[PDB]
Structure formats: C-alpha cells, structure tokens
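Since the structure comes first, as structure tokens, the remarks are kept for the end.
Cβ atoms come from the backbone with ideal geometry, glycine included; neighbour counts cover every protein chain shown. What follows draws every value from the coordinates through simple rules; no lab data is involved.
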Amino acid sequence: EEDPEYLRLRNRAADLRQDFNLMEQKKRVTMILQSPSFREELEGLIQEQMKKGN
Amino acid sequence: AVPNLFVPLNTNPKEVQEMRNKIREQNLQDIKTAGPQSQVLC
Amino acid sequence: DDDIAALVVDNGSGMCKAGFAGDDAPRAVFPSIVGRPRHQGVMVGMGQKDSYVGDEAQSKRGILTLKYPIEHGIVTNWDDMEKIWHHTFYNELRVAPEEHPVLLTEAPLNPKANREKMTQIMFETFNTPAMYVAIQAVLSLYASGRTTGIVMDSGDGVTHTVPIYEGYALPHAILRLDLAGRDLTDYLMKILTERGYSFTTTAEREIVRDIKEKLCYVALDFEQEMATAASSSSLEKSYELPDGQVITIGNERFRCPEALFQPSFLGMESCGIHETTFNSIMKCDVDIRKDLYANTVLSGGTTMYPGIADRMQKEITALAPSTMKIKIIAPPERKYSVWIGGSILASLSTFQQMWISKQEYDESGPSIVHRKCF
Amino acid sequence: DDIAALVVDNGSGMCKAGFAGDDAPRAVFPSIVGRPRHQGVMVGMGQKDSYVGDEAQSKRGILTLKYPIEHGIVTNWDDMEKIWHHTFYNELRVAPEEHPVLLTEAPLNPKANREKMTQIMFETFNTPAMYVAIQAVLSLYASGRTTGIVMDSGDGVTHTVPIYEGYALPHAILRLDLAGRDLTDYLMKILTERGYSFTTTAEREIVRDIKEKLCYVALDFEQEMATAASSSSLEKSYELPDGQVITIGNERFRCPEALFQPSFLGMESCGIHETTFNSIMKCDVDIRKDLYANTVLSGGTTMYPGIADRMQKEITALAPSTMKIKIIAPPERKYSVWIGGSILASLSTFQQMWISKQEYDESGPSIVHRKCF
Amino acid sequence: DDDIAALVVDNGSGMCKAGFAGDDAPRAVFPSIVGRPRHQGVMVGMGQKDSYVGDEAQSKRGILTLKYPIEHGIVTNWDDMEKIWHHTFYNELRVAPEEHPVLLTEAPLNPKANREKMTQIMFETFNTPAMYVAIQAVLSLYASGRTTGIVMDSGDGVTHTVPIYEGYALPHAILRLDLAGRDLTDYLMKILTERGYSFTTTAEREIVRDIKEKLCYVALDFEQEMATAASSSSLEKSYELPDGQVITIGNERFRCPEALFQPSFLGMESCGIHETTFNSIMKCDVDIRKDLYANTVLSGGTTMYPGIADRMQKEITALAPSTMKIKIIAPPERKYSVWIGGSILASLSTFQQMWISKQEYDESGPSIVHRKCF
Ligand SMILES: Nc1ncnc2c1ncn2[C@@H]1O[C@H](COP(=O)(O)OP(=O)(O)O)[C@@H](O)[C@H]1O
Ligand SMILES: Nc1ncnc2c1ncn2[C@@H]1O[C@H](COP(=O)(O)OP(=O)(O)O)[C@@H](O)[C@H]1O
Ligand SMILES: Nc1ncnc2c1ncn2[C@@H]1O[C@H](COP(=O)(O)OP(=O)(O)O)[C@@H](O)[C@H]1O
C-alpha cells in the first residue's frame, strides 16, 4: 500500500521491533521522571553545575 | 560522473509504468490506427 | 505538540538514533552510511540518484560503495554528515529544525575543533534556536538511575570508561581505548579467511557484521572452551548467506569477542577492557573506590555479547582486592540507554538554563561551546 | 505531439520496423539480398540487379541468397543500405528527414560498426536525430521489471546481461556465438544420414522452415533417445516444395539440443544454461536471489516448445537448492526487443537523449561512444 | 657422506620452477597447465596419452582443453597437481624423491587445508625424508639481501605485500589482493574484442597471454598517453598469429596493465597496488616507516612490465610526505627472485635443524606444519 505507516511496518526488521517493544514495556523515562525524589535531585544537581561552571 | 553518465537522474518510474500500460491497452482493445501522414503529402 | 519539544539525537559511528524529548522510545534508528553507485547505469526514465542515504543505502547494497562518514568517533567527511542530518530531520522525523531545540551527544576525549564544527553547521545551515552537547557515557549513568559509579561505553567506533562521583564527572580519570565493534568485524573477516570463505567488499563487511551479531559469545574461560572445541563438534553453527550458501563457522564464535579482553591478537599495545576500567578506578581516590566497585554499568552495542557480564565480573574480581565486593550492572536495553539518558536531560526544568542561545552564538562565534558546555 | 519517431530492429536474421508508440511493428521481413546466377534470354522482360528481402524469398530458385549481417556484424555495407532504403520507402512509405530513428545492436561489437552505422544514418538518409540501444535492455523494458538477467538468442549471436535496479553490470555481460544459423547448418549436416542432401543457398530456407516447424527441445536427452529407438511414434512427415515427402524422426530433438551441449558442433564453449548461471555468479552476492527470480527469455531462437522447462530444470540443478528459479517467457517474445524500443522511443524524459544533427556535425561520427551505451 | 643438496620447488599459479639447492638459477621452468584431448582418435597404433602435462601440453594446444590446477593460489585439483609434481621430479630433474629434502612455497592467506594436504601428499606419496614450507615474499627479500624492507609480490594468481623490520614480520600489516596476471589476460581479451578480433578457446587465451607479454607497457601519465594515442597513430605495434595474420593493437597496449593501478576497470572495488603498499606501510608502527619507505622491493612476473617502477615511485611520492625519499628496488632478474631466496634458505647451515622430519610427522600428523613453519 501507499501509506507510509504500512511501509514503516514493511521496512524495519524484527530485532528493531523487538527492542522497541522491550523498552516500551518498562518505560524507563517515565519511571525516572514522575518519581519525585530522584527527578528533583537531578533538578538540584543541574542547578549546581550552573553555579559551578561560571 | 562515470557511474551514471548515460542516463539523467531524478526520474519517476511511475511514468514508464504508465506508458507500458498505455501501450498494452491498444493490444487489449484491438485499435485500428494508421501511421503519421507526411506534411509534404498534405 | 502544543509546546516545542526538543529533539534528542544520539550520533555514534555505527547507527544514528533520533527522537523527541520526554518520549519513551526513539522514533528513528538507522545505520549511519552514505552510499554512492559504482556500476554503469543504463535504464533511462527510471529511478536513479547520485547518492543514497540511510536504510535505503543498505537496502541496495549490491550496487554501492558503502562509506561511513564517522571514523573512530571522529567526523572525517562533513558533507556526508550534513546529508545524514538532513535525512534525519526531514525524511524520518519530518519536523523542521528551526522550531525545536536539538540535543547532541559526543565522545569524552576528542579533537577540540570537532565541537566547533558541530556548532557551525548546526546554527548556520539548519537554523536551530538552541543546542547542547553532552558526554555520551554520563547519560548512561543518568538512565540507569544512579548518580555515582563508573560506566564503560563501547560503541561501534570507540571504547571509553569514565568514573562519575555525585553526578559530576572526573576528567583526569577518563580512559579512552580505540578498540570497538568495527575492529572486531575486521578481525572476524580476517580469521574467516582461514576456513576458505572470503569476504572483501563493503557489502561483505555488512554480511560479516550480521554474522557477528547473530552467532558470537564470550567464553567464561578461554583455555577450557578452546579445549572443549578441541574435543567435540558441539560448538558448530550454520549460517545461510544471501547467496544461498551455508557456512559453518564453528570455533570462531568465541575468538572474535576475545580480542576485547586480549588486544594482542590485533597487535595493539593496549591491554583489555577489564584492566582498563581497573586502572580507571585506581586513578581515583581511595575513599570513593568502594562506591565505584558496586556501581559498574555496562553500555553500548558491543556489550551485548552473551556472557559478557560473567567474564567481566570474574576478571575484575581477580584484579580487585579480596575484601571488596563487585557488582556489574547490565541493563537489558543498554544499547539505547544513552539516548534514554538524553530524554531525561531534555525534560528537566533547570536544563532550560543550559541552552546555548542563537544570539549568544552570534555574539561569541563558534567557541561558545567550550565555555557553555561541560 | 509533434512527429513520432521510428523504431528499427536489425537482427542478423530478420528486420523489423514500425512507428514509436505502437504495439506491434508494421514491417517484418527477412534480411537477405539476392542476385541472379543463370542466363537471361527473354528480350524485353526488363532488368533487375538485386532482390531485397521478401521479394528475394519468392523468386529464390534463380538467385544466390546472401546475408549482409553475419554474427551480428555488418560485413557488406552496400546491402545494408539497400535493406534500409527498402524498409524506409517500400515498407513504411515515410520520408526519413521528418522522423528520428532508434536502432538496436549487440552488447559486445566492434567500434567501427557503431561508427559506420551513425555515419550512414546521418550522411545519406539525413535523419534529424538518431540513437543506438542494446537489444536485451529493450527486452527488459518489454518485460516491465526493473531487475533481472535477460538472455537473448537471435540468428546471429546469443548474449546474457544482468541488470539490477536500473544499473547494468558491464563485467557480467556474456556473449556466445551459437545461434539459429549454426543450428540450421547442423540440421543440414545431420539430415545427410537419412539420405536427404541440401547444398545450395536456396535449400537453406527449406531447412530453416523444417527446423521452425518440426523441432522441439527434449526434457531428458537419453530417455528420448531410448524412446525414439524403441518406437516410431516420434516421426513426423514434411512436404518439400517440389512435392517429395521427407520424414525426420530422430533428428527433431537433436538439432536444438546442441544449444545445451555445444560439443556437437565442435565448439569448446559451455551451454546456454551454464552461460546464464556463470553470468549470474559473476555478479555480487546481494543481487543473486533477485536474478534467480527474474530470468527473461528473448529472441526467436527461444521459441522451441519445451525450452522453458529444460532451462528451469538445468538452472535448478546448478544453483543451490534453497532458492526458487522461475523463467519468465512471454508468448510474444519474438518481438519483445521492438516493443521495448517503442516504450523507450516515446518517453517524455528520453527526448533529451537523441543525438542531434548539429552535435554530429561538430563532433564527427565519434559522438556515439560518449552517448548511448 | 656429505649431505645432499635439497630441492627448491616454486609453485605459483601458472608457472612451476625447480632446481637444486646452492645453485644460482633453477634447472626447470615450465607452465603449470594440464590438457586432455577432446576429439576422436581415428588412427589405430597411436600412443595412448590420457593427459598432457606441462610444457609438452603447450605444444599440442590445438587438440586439448587446457586447465590450471591452481586458482588464485589455491590448489583446486590435487590429483591433477600430483601429475605436475611427478613430471617435475622424474622427467626434468630426474632425481629420486626419497633421497633429497623438498622446499615449497605458498601465498600468505590461504586455507589450512592447502598446507595440510601439501604436507600429507609430500610425505605419503613421494616419500620424502624431510620437507619445509616457506612464504614467498620472505624468500624474495632474502634474494634482495636486505634485512629490512616491504616487499610486494605480484604473480599470476595473487598479489601480496608484507613488511619486515630487522628480521621481524608484522602479521597484521600483511595485505593480499586478488588482482593478478590472469585477470589482466581476461581484460585484454575483453578489450581486444572491440578492435575486431575474437578469442574464445583456452588455446587462444595462451596466445592472448603471449601478446600481453610481448607488447605491453605502463604509462607515466594516463590521460596524456590517451590523448597522444588519439592524436597520432605512432603508438601502434603489429603481431603475427600462429595462423599467420598481422593484427595491430594500438591503444590497448597501455590499458591492460593500467588496470593494476585502477582496479575499477574490472569491476573490482579494491584499491590499486600503490595504495595497497601505502596502506600496508601506514598500518605499521611509526619508527620503522622511514626505513620501509626506503626499501620497497618488487618481485614476481607481473611486475615485469616496462615503466612499473617509475610509475609506482611517482604515485607513492604523491601519497607519502614530501620530506622522505622513496626508492624502488627492482632487480633485472626479479621474476626468479623468490626461487633464488629459497636456494639460499636451503643452503644455510643454521637452517638444517628446522626441516620437518618424517619421524616427528609420524606422531604429530599433518598438523605439525602449523607448529613448525611460519
Ligand atoms: N545484539 C548484538 N550482539 C553483538 N553485537 C552487537 C549487537 N548489537 C550491536 N552490536 C555491535 O555494536 C555495534 C552498534 O553499536 P552502537 O551502540 O549502535 O554504537 P553507537 O550507538 O555508539 O553508534 C554494531 O556495529 C554491532 O557490531
Ligand atoms: N517459431 C520458431 N521456432 C523455432 N525457431 C525459430 C522460430 N522462429 C524463428 N526461429 C529461429 O530464430 C531465427 C530468427 O530469429 P530472429 O528473432 O529473427 O533473430 P534476429 O531478429 O536477432 O535476427 C531463425 O533463423 C530461426 O532459426
Ligand atoms: N616478460 C613479461 N612481461 C610482462 N608480463 C609477464 C612477463 N612474464 C610473465 N608475465 C606475466 O606474469 C605471469 C607469470 O607470473 P609468475 O611470476 O610466473 O607467477 P608465479 O611465479 O607465482 O607462478 C604470466 O601470467 C604473465 O602474464
């Protein structure tokens, strides 16, 4: 078919799909972000690289 | 310049695919046609 | 979509990955290759182009000379680099670079001027509003969930181990080794000649790389595994070529990755990765070594060989003192972990202060990146 | 749009000609030139120095037939000029100054052939533009696919060329000097065993008609020898022009078998199936499985009944067993080249590729190597 | 009871040379072709020869189908190769094979089955007392008499470059190219096709090889030479067939060997021989490179075209840094040079302890060749 979604499914190999599913299941970015303590601790840490660089 | 000296680039294959079908249409439809008549004849 | 979201682009020697800020997964992953035709082309009226880029280049492998624009983590052909970035922005992501900021990753130790070039062709041609450059291996530690530990990243172009203490890296203890997956592919092609099979062109190198990705593993003990292969024939696998031929590689499955631990096979002076990270730990202070042993994180494509973690742990425990405890950390998605770290770094509200403004670049020239980026 | 171009196919055996954009050629006629050899006694019948084409075929009793094209090479240029004049004026009835012409010739040919062809088509007929193309590329146009290896067998020469995605590999082009004329000569040689003797050039056409009518390619050679030795069911009867009746029998499947085993003619070269397989193996690794699935037959010599099954079986035997071999033989494969010519001649993007008359004037006849292929 | 001098047998593809140890020049030189008849023998009382071997087979080329037992330096027909070895031992040298040691040569990167089969068929059939296998390029540099240099041997079948510094050979810097005399003969046939001459049979392939040997040269400037050939007809030579027919080559004289420096004419994507030598040099360590720039050695029959040395010196000087001197060493008798070195290696009193003994072969099998010789 002429749709780019159908060609998107047609082109890419199986291992890329396997990796996409694997790292879509765990959702690492969401786990780092919406967890409050670690997220705002890196917030503060980046604050002191601003303080420290110049 | 040496790999594709003989042909022009950035041409759609759909044009060739259309023309082959157009020529096959005459075979399917069994068209009567004559050749181009000359201007000096006219 | 309502607000402009930054673009996270991870660009190594092997493949290029690109996605949006805060997303779980990158949208596009494709090999970093630019191909050009070599054979005479006589078919007028159909599709021919002077250069093929991306996955389309690897599709038509049989009529191209594949050419990697990034060599050993250093960009050596900038026109092909611009073509790769254009294909990344427009063909795959289909978003204009002028609306959104971009975030790039780069090797720890490198020529200085490369960063300047990465500045100059990013503001001048693509007209981005802002960018930032970050070290590749720090993002692995950020994505793993740890602010303190030593991380090894061995991509397709370069291997480097950096120790990070309290989320804030140590420059003097950074160790860089020029031994990566491409040299392993070349060694595998060289040792596959001894069985009779010959591979010489670029497409054959791609096929050999596929063979390496399919059937390789790291032995727990080299001598015992070699004697085991000397005993029986249970260590034989058959791979079917795109021609239709079948080859039986057999003994070479654990000899190709063993060059990572014994680089004397290639003739290089430097020794293996395990003593490299051991020396990187020993270059640090005594007080912080306890946290560094317990927080060792593996990352990069080359570190996906089966059995790499057990062999690495055994070697580094043999090197380490007996009273110290060793913990290796092997994420199941380590191959993309750097990009995941980038997605963390583009979502922090403090990171809005990190961006290099276009006006600042216009004021300070291409040398703004050394003072702005750490 | 404006004036249509001319498509002319000059094989070694028969000449074909028509207008571009047409389905089938208007004029199809053998490429022979005949001259009389006996005494002429009837005063007032008029004189005729040469007989060209089909007119020489009907009055072939009192002529010595001569072929201007031999093994794909033009040996006698005067007879080629006569054939081209007859084609332009008596068969198509068009002035050559108004039309561009597209010509066909073999892959590997001497340079002087192309140079003299360009000089003849510009100097005498005064055509405004002209072009030369390889016949098998035009066969791939006729098939309609972008990828495949194409094997064309005419009356003069057999050649295989593989093309992948519009790019043609020059080092994998194979040329073999085994064609229909050699098979006709071998049939003339093996018809001696039963007592029939054909010597003069008039009887060569009779032998060619016998070959076209009552020959077929055996699937298994030794089994057919056993069958023809056991019974008389394989014999067929043919009627000569003078009224005698001949009966071939065993020689029906021995003449076309010689393509697959050229040692019958004394040639050292390999068969057509091995030539196609070797030309495939000369290519790169990644395109071989595409070439296995798109083998195209072209030319009149491949019109024997049962050629496709024998070719598929032989190439299946030679190739690795894990892949599929399919042979694509269109029923109208005799005129495939000409059909491809039409498809090429009236493309919109092809109109910039004609060799202009001014370019020939300012460059000499050497311009055809820089353009064309 | 003096020890008898050993036998030196050089076997590249397409020519076999043999002689006694300690002599200046080989006793026997003959092509490595074997022919079999294809036509029917109708005269009764004729001799019954199944196979014509060697130089004799080149006398009656008209009635045989010539074949080569070696393809690209790999012996593809062992039972056929036994005929060449038997004819060498019994008819040319007419020596007893059980009485003298035999020294043999091969290409660098070959399958191990080649060496093992050579050792097995030398001990088991001809019953030699001792044997040895030596790499050809080391023998050529022995013949040149210098203990440090890079040598590029180009013979019918193979081209290979090895560097040696102070008696040490770097294994990772060895490069091998499958661009040789037979491919040039095939290309000469292909380009002689368009002049108007056609050669198809292998008996005509020998004639084309003779034409290549008699009338070829390498031009210093390729474009200027083509312009000169187009402008005037002074660069024309005539040759007589065995049939007896004057043919004129003209332009194709300097185009057949030019494919050595530009392999893209054949369709191969590999680099030229000059860039192969340069890449082999740059793969070595820094402190030896100057010496390797001063001791380039040419060897093999394919390097016997006039003007190869000047063209290669010019090209390497165009690639190398300007501050060094590039010297090309080409002895006049370089075609035999490999064999000459073997004789020297067969005459040293130090070498005599390192022959592969039959007794140790009896318990080590044919795998002792990998343990004993390089
Ligand atoms: N599953 C696997 N098994 C073995 N090797 C792999 C695997 N995946 C990737 N590799 C190797 O790693 C390389 C890709 O490394 P990658 O991490 O993509 O580099 P970067 O991301 O730094 O560009 C490939 O060239 C391949 O040789
Ligand atoms: N129907 C047929 N069956 C078998 N052989 C044929 C048939 N038609 C033609 N031929 C053979 O093919 C030859 C004509 O081939 P042709 O396509 O005219 O070659 P070209 O056009 O290249 O000169 C004849 O000499 C004859 O030997
Ligand atoms: N005098 C010469 N001039 C040019 N080329 C030559 C000459 N002699 C031999 N050759 C080429 O060199 C090849 C012979 O190579 P040779 O050195 O005999 O290989 P090897 O010794 O490894 O068998 C022949 O194929 C021929 O093409």
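Within the range E:201-236, being outside any helix (DSSP H, G or I) and closer than 17 Å to D:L176 by Cα holds for one residue alone: E:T201. The number of residues in the range C:154-170 being under 27 Å from C:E71 (Cβ atoms), touching a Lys or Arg at 6+ places or on another chain (Cβ under 9 Å) and part of a loop (DSSP other than H, G, I, E, B) comes to 3.
Residues of the range C:1-48 that are on the phi < 0 side of the Ramachandran plot, of a type in the set (G, A, S) and away from chain D (no Cβ under 14 Å): C:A5, C:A6, C:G12, C:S13, C:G14, C:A18, C:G19, C:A21, C:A25, C:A28, C:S32.
Regarding the range D:182-200, can at least one residue be identified that is within 30 Å of B:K14 (Cβ to Cβ) and either within 14 Å of chain C (Cβ to nearest Cβ) or assigned to a loop (DSSP other than H, G, I, E, B) (or both)? Checked against the condition, which is being within 30 Å of B:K14 (Cβ to Cβ) and either within 14 Å of chain C (Cβ to nearest Cβ) or assigned to a loop (DSSP other than H, G, I, E, B) (or both), the range D:182-200 yields no hits at all. Is it the case, given these coordinates, that D:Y216 is farther than 27 Å from E:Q40 by Cα, surrounded by 13 or more Cβ atoms within 10 Å (Cβ to Cβ) and touching a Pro at 6+ places or on another chain (Cβ under 6 Å)? The answer is yes for D:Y216. E:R176 falls short on exactly one of the conditions (1) buried (at least 17 other Cβ atoms within 10 Å of the Cβ); (2) among the charged types (D, E, K, R); (3) more than 14 Å from chain C (Cβ to nearest Cβ); (4) within 16 Å of ligand 3 (Cβ to nearest atom), and that condition is (3).
Scanning the range C:347-367 for residues that are of a type in the set (S, T, N, Q) and outside any strand (DSSP E or B) yields C:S347, C:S349, C:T350, C:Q352, C:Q353, C:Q359, C:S364, C:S367. The set of residues in the range C:255-303 being within 15 Å of C:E213 (Cα to Cα), under 21 Å from the mean Cα position of the chain (by Cα) and part of a loop (DSSP other than H, G, I, E, B) consists of C:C256, C:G300. Scanning the range E:4-42 for residues that are out of contact with any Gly (no Cβ under 8 Å at 6 or more places or on another chain) and either within 13 Å of E:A57 (Cα to Cα) or among the hydroxyl-bearing types (S, T, Y) (or both) yields a total of 3. Specify which of the listed residues (D:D22, D:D1, D:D9) is of a type outside the set (V, I, T) and surrounded by fewer than 16 Cβ atoms within 10 Å (Cβ to Cβ). Selected residue: D:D1, the only one of D:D22, D:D1, D:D9 that is of a type outside the set (V, I, T) and surrounded by fewer than 16 Cβ atoms within 10 Å (Cβ to Cβ). Taking the listed residues E:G45, E:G14, E:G35, the one that is surrounded by 14 or more Cβ atoms within 10 Å (Cβ to Cβ), farther than 26 Å from E:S349 by Cβ and more than 16 Å from ligand 3 (Cβ to nearest atom) is E:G35, with no other qualifying. Just one of (1) part of a helix (DSSP H, G or I); (2) within 8 Å of another protein chain (Cβ to nearest Cβ); (3) farther than 18 Å from D:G18 by Cβ fails for B:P3. It is (1).
Screening the candidates D:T158, D:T146 for the property of being surrounded by fewer than 21 Cβ atoms within 10 Å (Cβ to Cβ), within 14 Å of another protein chain (Cβ to nearest Cβ) and touching an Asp or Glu at 6+ places or on another chain (Cβ under 8 Å) yields one hit, D:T146. Suppose we keep only residues that are within 13 Å of chain C (Cβ to nearest Cβ) and surrounded by fewer than 16 Cβ atoms within 10 Å (Cβ to Cβ) within the range D:330-365. Which one would you say is farthest from D:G21 (Cα to Cα)? Ranking the qualifying residues of the range D:330-365, first place goes to D:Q352.
Of the residues making up the range E:129-153, those that are more than 16 Å from ligand 3 (Cβ to nearest atom), assigned to a strand (DSSP E or B) and over 19 Å from E:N11 (Cβ atoms) are E:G149, E:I150. If the condition is being among the basic types (K, R) and under 23 Å from E:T201 (Cβ atoms), then the range E:20-62 contributes E:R36, E:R38, E:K49, E:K60, E:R61.
Of all residues in the range A:1-51, those satisfying the criterion of being under 30 Å from C:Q352 (Cβ atoms), in a helix (DSSP H, G or I) and small (G, A, S) are A:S37, A:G44. I'd like to check something: does the range C:212-224 contain any residue that is aliphatic (A, V, I, L, M) and within 21 Å of the chain's Cα centre (by Cα)? Yes, the range C:212-224 contains at least one residue that is aliphatic (A, V, I, L, M) and within 21 Å of the chain's Cα centre (by Cα).
Of E:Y68, E:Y90, all but one fail to be closer than 28 Å to D:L265 by Cβ and either of a type in the set (F, W, Y) or surrounded by fewer than 16 Cβ atoms within 10 Å (Cβ to Cβ) (or both); the exception is E:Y68. Pairs meeting the criteria (first residue in the range D:192-205 and free of Cβ contacts under 8 Å to residues at least 60 places away in the same chain, second residue part of a helix (DSSP H, G or I) and surrounded by 16 or more Cβ atoms within 10 Å (Cβ to Cβ), beta carbons under 6 Å, at least 6 apart or on different chains) are D:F198/D:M188; D:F198/D:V207. Checked against the criteria, C:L66 counts as within 16 Å of ligand 1 (Cβ to nearest atom) and in contact with a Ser or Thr (Cβ under 7 Å, 6 or more places away or on another chain).
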